[PDB]
Amino acid sequence: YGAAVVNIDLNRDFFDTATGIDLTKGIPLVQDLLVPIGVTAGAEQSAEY
Amino acid sequence: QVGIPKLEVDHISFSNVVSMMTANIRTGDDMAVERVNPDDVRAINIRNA
């Protein structure tokens with residue numbers, strides 16, 4: 001009783017940090033896999049999705 | 001009759017009407033601009049003239 005919102009997430013326990021995935025933002029986010037060239041720093045982040 | 005131009009004749013003339021600015025042209029507010037770069041070099045459109 002008193003749960004505000006119940007969401008369906010990807011399972012952090014399966015998709016572990018060992019997978020290089022980061023599920024804290026609500027989406028998988030793998031750093032430095034695909035990444036655009038020729039863009040200003042911090043423009044890479046959407047690719048992390 | 002209209003007056004003969006001073007350059008047209010050979011006489012020297014020591015009083016003349018010179019146009020002049022009332023004060024210095026170089027006020028010191030030199031123009032400056034906000035250059036902003038292309039976001040991604042790959043996306044730039046070299047084409048079309």
# chains A, B, ... in the order shown; residues from 1 in each chain; ligands from 1

call {"tool": "interface_residues", "arguments": {"of": "chain B", "to": "chain A", "cutoff": "12 Å", "atoms": "only C-alpha atoms", "output": "JSON, numbers by chain"}}
result
{"B": [37, 38, 39, 40, 41, 42, 43, 44]}

call {"tool": "write_last_selection", "arguments": {"atoms": "C-alpha atoms", "output": "PDB file, in the first residue's frame"}}
result
ATOM      1  CA  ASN B  37      30.270  26.923 -35.866  1.00  0.00           C
ATOM      2  CA  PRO B  38      28.571  24.120 -37.788  1.00  0.00           C
ATOM      3  CA  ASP B  39      27.391  21.509 -35.267  1.00  0.00           C
ATOM      4  CA  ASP B  40      28.749  18.416 -37.087  1.00  0.00           C
ATOM      5  CA  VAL B  41      31.361  18.607 -39.856  1.00  0.00           C
ATOM      6  CA  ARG B  42      30.012  15.553 -41.659  1.00  0.00           C
ATOM      7  CA  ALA B  43      26.555  17.068 -42.046  1.00  0.00           C
ATOM      8  CA  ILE B  44      27.772  20.273 -43.736  1.00  0.00           C
TER       9      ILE B  44
END

call {"tool": "residues_around", "arguments": {"residues": "residue 25 of chain A", "least_positions_apart": "6", "cutoff": "12 Å", "atoms": "only C-alpha atoms", "output": "PyMOL selection string"}}
result
chain A and resi 9-10+12+48-49

call {"tool": "write_last_selection", "arguments": {"atoms": "N, CA, C and O atoms", "output": "PDB file, in the first residue's frame"}}
result
ATOM      1  N   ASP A   9      10.625  -2.228 -16.064  1.00  0.00           N
ATOM      2  CA  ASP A   9      11.990  -1.914 -16.458  1.00  0.00           C
ATOM      3  C   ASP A   9      12.712  -3.111 -17.099  1.00  0.00           C
ATOM      4  O   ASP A   9      12.245  -4.239 -17.004  1.00  0.00           O
ATOM      5  N   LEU A  10      13.819  -2.858 -17.795  1.00  0.00           N
ATOM      6  CA  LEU A  10      14.776  -3.918 -18.099  1.00  0.00           C
ATOM      7  C   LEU A  10      15.458  -4.344 -16.820  1.00  0.00           C
ATOM      8  O   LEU A  10      15.791  -3.517 -15.971  1.00  0.00           O
ATOM      9  N   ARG A  12      18.020  -4.987 -14.361  1.00  0.00           N
ATOM     10  CA  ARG A  12      19.412  -4.638 -14.083  1.00  0.00           C
ATOM     11  C   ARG A  12      20.222  -5.866 -13.664  1.00  0.00           C
ATOM     12  O   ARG A  12      21.405  -5.968 -13.967  1.00  0.00           O
ATOM     13  N   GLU A  48      24.612   6.547 -27.132  1.00  0.00           N
ATOM     14  CA  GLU A  48      24.715   5.607 -26.019  1.00  0.00           C
ATOM     15  C   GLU A  48      23.424   4.814 -25.894  1.00  0.00           C
ATOM     16  O   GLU A  48      23.428   3.705 -25.363  1.00  0.00           O
ATOM     17  N   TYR A  49      22.320   5.384 -26.373  1.00  0.00           N
ATOM     18  CA  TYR A  49      21.047   4.669 -26.369  1.00  0.00           C
ATOM     19  C   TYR A  49      21.084   3.506 -27.342  1.00  0.00           C
ATOM     20  O   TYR A  49      20.832   2.361 -26.961  1.00  0.00           O
TER      21      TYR A  49
END

call {"tool": "residues_around", "arguments": {"residues": "residue 28 of chain A", "least_positions_apart": "3", "cutoff": "12 Å", "atoms": "only C-alpha atoms", "output": "number ranges by chain"}}
result
A: 9-12, 15-17, 19-25, 31, 45-49

call {"tool": "select_by_dssp", "arguments": {"residues": "chain A", "states": "helix (DSSP H, G or I)", "output": "short mmCIF file (atom, residue, chain, number, x, y, z; two decimals) with N, CA and C atoms, in the first residue's frame"}}
result
data_model
loop_
_atom_site.label_atom_id
_atom_site.label_comp_id
_atom_site.auth_asym_id
_atom_site.auth_seq_id
_atom_site.Cartn_x
_atom_site.Cartn_y
_atom_site.Cartn_z
N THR A 17 26.17 -4.43 -15.00
CA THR A 17 27.21 -3.47 -15.36
C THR A 17 28.36 -4.18 -16.07
N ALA A 18 28.45 -5.49 -15.86
CA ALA A 18 29.39 -6.34 -16.59
C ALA A 18 29.11 -6.35 -18.10
N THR A 19 27.85 -6.13 -18.47
CA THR A 19 27.46 -6.01 -19.87
C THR A 19 27.85 -4.65 -20.44
N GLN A 45 26.16 11.41 -26.64
CA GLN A 45 25.36 10.70 -25.64
C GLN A 45 24.12 9.98 -26.16
N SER A 46 23.46 10.54 -27.16
CA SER A 46 22.25 9.91 -27.70
C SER A 46 22.61 8.56 -28.32
N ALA A 47 23.81 8.47 -28.88
CA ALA A 47 24.29 7.22 -29.45
C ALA A 47 24.38 6.14 -28.38
N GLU A 48 24.61 6.55 -27.13
CA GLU A 48 24.71 5.61 -26.02
C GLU A 48 23.42 4.81 -25.89
#

call {"tool": "decode", "arguments": {"residues": "segment 12-32 of chain A", "atoms": "N, CA, C and O atoms", "output": "CSV table (one decimal), in the first residue's frame"}}
result
chain,number,residue,atom,x,y,z
A,12,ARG,N,18.0,-5.0,-14.4
A,12,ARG,CA,19.4,-4.6,-14.1
A,12,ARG,C,20.2,-5.9,-13.7
A,12,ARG,O,21.4,-6.0,-14.0
A,13,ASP,N,19.6,-6.8,-13.0
A,13,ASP,CA,20.2,-8.0,-12.5
A,13,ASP,C,20.7,-8.9,-13.7
A,13,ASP,O,21.7,-9.6,-13.6
A,14,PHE,N,20.0,-8.9,-14.8
A,14,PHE,CA,20.4,-9.7,-16.0
A,14,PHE,C,21.4,-8.9,-16.8
A,14,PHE,O,22.5,-9.3,-17.1
A,15,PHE,N,20.9,-7.7,-17.2
A,15,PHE,CA,21.7,-6.8,-18.0
A,15,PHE,C,22.6,-6.0,-17.0
A,15,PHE,O,22.4,-4.8,-16.7
A,16,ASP,N,23.6,-6.7,-16.4
A,16,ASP,CA,24.5,-6.1,-15.4
A,16,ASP,C,25.5,-5.1,-15.9
A,16,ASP,O,25.6,-4.9,-17.1
A,17,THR,N,26.2,-4.4,-15.0
A,17,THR,CA,27.2,-3.5,-15.4
A,17,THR,C,28.4,-4.2,-16.1
A,17,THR,O,29.1,-3.6,-16.8
A,18,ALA,N,28.5,-5.5,-15.9
A,18,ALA,CA,29.4,-6.3,-16.6
A,18,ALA,C,29.1,-6.4,-18.1
A,18,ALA,O,30.0,-6.6,-18.9
A,19,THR,N,27.8,-6.1,-18.5
A,19,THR,CA,27.5,-6.0,-19.9
A,19,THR,C,27.8,-4.6,-20.4
A,19,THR,O,27.8,-4.4,-21.6
A,20,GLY,N,28.2,-3.7,-19.6
A,20,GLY,CA,28.6,-2.4,-20.0
A,20,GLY,C,27.4,-1.5,-20.1
A,20,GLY,O,27.5,-0.3,-20.5
A,21,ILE,N,26.2,-2.1,-19.9
A,21,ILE,CA,25.0,-1.4,-20.0
A,21,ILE,C,24.7,-0.6,-18.7
A,21,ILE,O,25.2,-1.0,-17.6
A,22,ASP,N,24.0,0.5,-18.8
A,22,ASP,CA,23.6,1.3,-17.6
A,22,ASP,C,22.2,1.7,-17.7
A,22,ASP,O,21.7,2.5,-18.5
A,23,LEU,N,21.4,1.1,-16.8
A,23,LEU,CA,19.9,1.2,-16.8
A,23,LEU,C,19.3,2.3,-15.9
A,23,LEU,O,18.1,2.3,-15.7
A,24,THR,N,20.2,3.1,-15.3
A,24,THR,CA,19.8,4.1,-14.3
A,24,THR,C,18.9,5.2,-14.9
A,24,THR,O,18.0,5.8,-14.2
A,25,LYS,N,19.0,5.5,-16.2
A,25,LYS,CA,18.3,6.5,-16.8
A,25,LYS,C,16.9,6.1,-17.4
A,25,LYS,O,16.1,6.9,-17.8
A,26,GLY,N,16.7,4.8,-17.4
A,26,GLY,CA,15.4,4.2,-17.9
A,26,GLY,C,15.7,3.5,-19.3
A,26,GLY,O,14.8,2.9,-19.8
A,27,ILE,N,16.9,3.7,-19.8
A,27,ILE,CA,17.2,3.1,-21.1
A,27,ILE,C,18.6,2.4,-21.0
A,27,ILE,O,19.4,2.9,-20.2
A,28,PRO,N,18.8,1.4,-21.8
A,28,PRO,CA,20.2,0.9,-21.9
A,28,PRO,C,21.1,2.0,-22.4
A,28,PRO,O,20.7,2.8,-23.3
A,29,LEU,N,22.4,2.1,-21.9
A,29,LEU,CA,23.3,3.1,-22.3
A,29,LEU,C,24.7,2.7,-22.3
A,29,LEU,O,25.4,2.8,-21.2
A,30,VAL,N,25.2,2.1,-23.4
A,30,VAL,CA,26.6,1.6,-23.5
A,30,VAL,C,27.5,2.7,-23.9
A,30,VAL,O,27.4,3.2,-25.1
A,31,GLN,N,28.5,3.1,-23.1
A,31,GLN,CA,29.4,4.1,-23.5
A,31,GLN,C,30.5,3.6,-24.5
A,31,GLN,O,30.9,2.5,-24.5
A,32,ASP,N,30.8,4.5,-25.4
A,32,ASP,CA,31.9,4.3,-26.4
A,32,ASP,C,31.8,3.0,-27.2
A,32,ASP,O,32.8,2.3,-27.4
